[PDB]
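With the deposited numbering applied, the first sequence corresponds to residues 146 to 269, 274 to 289, in that order.
Worksheet: the structure to be examined is printed underneath.
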Amino acid sequence: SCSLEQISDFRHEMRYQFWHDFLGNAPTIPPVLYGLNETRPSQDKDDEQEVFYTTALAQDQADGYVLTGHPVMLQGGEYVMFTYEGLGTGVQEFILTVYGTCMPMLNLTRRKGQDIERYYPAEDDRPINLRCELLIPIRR
DNA sequence: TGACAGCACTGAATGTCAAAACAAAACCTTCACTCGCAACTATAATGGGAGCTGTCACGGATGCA
DNA sequence: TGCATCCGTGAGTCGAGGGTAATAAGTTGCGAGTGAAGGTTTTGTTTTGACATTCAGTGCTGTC
């Protein structure tokens, strides 16, 4: 529960300690990352909500993945490949320039569901200019 | 020369009179049932101690006799 | 004038481990009190006339 500028300042740790707990027992490095944001309103007065953020490990070439959590089936329907070049501090303004601008300036209405993030940890000191997709479930 | 400072006034955009509705549970009816009282039953029956408690110890006491 | 009897008294501060267990009749009648929660009532968050300003708006007005 944080600010507009803290829409990715808080979100940096929710992928990292989730990754480095599993990397202590991972013989590989899974190179496709998945993050899921959720908007769920209330029932008492319809002015409030809460957000449960789920980063996940990919069902990839390593079959045995003993990770705490849930087997999450990704939502189907229309999506958008918002590929990017920039560091996780640059997805801070990239999430804000897709959601402050690219939903008005491309005039699109994102649909109900989990906003799929597609980071790339395959290029994980210099500041890393990573590549990432923001696969929004869209209703065009 | 062009900035550079300040004025003229629209008006959309505020700050007030009203309701408009929605869940809030809050207090409140309800209405069927679960959960409780009370009475009777007719061959014959008739007297506890329920286990208990066993010698400390000098001392003062009151009332019987 | 003794002789029995009947009450009422008895270290200090600690300590441990911890409350235990008989037996007995039912059907039938039938009012009273959780209770299903049925459903209202309130006690608060939202629409619309206003018009009085206000700054926003755009341009001019005047100026270094």
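We put the CB at the ideal spot given by N, CA and C, even for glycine.
Residue i - DSSP class collapsed to helix/strand/coil
i	result
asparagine 252	coil
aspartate 166	helix
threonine 242	helix
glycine 180	strand
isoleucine 152	helix
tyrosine 224	coil
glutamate 230	strand
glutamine 259	coil
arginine 160	helix
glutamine 188	coil
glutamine 194	strand
Neighbourhood of residue i by C-beta, 8 angstroms cutoff - its chain only, sequence neighbours within 5 removed
i	result
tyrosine 198	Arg156, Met159, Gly180, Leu181, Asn182 and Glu183
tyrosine 265	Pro176, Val177, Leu178, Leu279, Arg280 and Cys281
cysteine 147	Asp154 and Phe155
Residues near residue i in its chain [Cβ-Cβ closer than 6 angstroms; skip 5 each side]
i	result
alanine 267	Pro176
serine 187	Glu193
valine 217	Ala201
Distance cut-off 8 angstroms: residue i Cβ against heavy atoms of the ligand FAD
i	result
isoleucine 277	Of the ligands one can find in the structure shown there are none, so the ligand FAD has no counterpart to examine.
Buried or exposed by the 16-neighbour rule on C-beta atoms within 10 Å, applied to residue i
i	result
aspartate 260	buried
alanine 203	exposed
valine 236	buried
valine 243	buried
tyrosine 161	exposed
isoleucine 277	exposed
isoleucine 240	buried
Whole-number beta carbon distance between residue j and residue i, since they are thought to touch under 8 angstroms
i	j	result
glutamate 223	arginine 263	Rounded, the Cβ-Cβ distance is 16 angstroms, inconsistent with contact.
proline 172	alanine 201	Contact doesn't hold; Cβ gap of about 19 angstroms is too wide.
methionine 248	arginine 256	That pair is no contact at about 12 angstroms.
Same chain only: Cβ atoms within 7 angstroms of residue i, ignoring 5 sequence neighbours per side
i	result
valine 225	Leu284, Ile285 and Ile287
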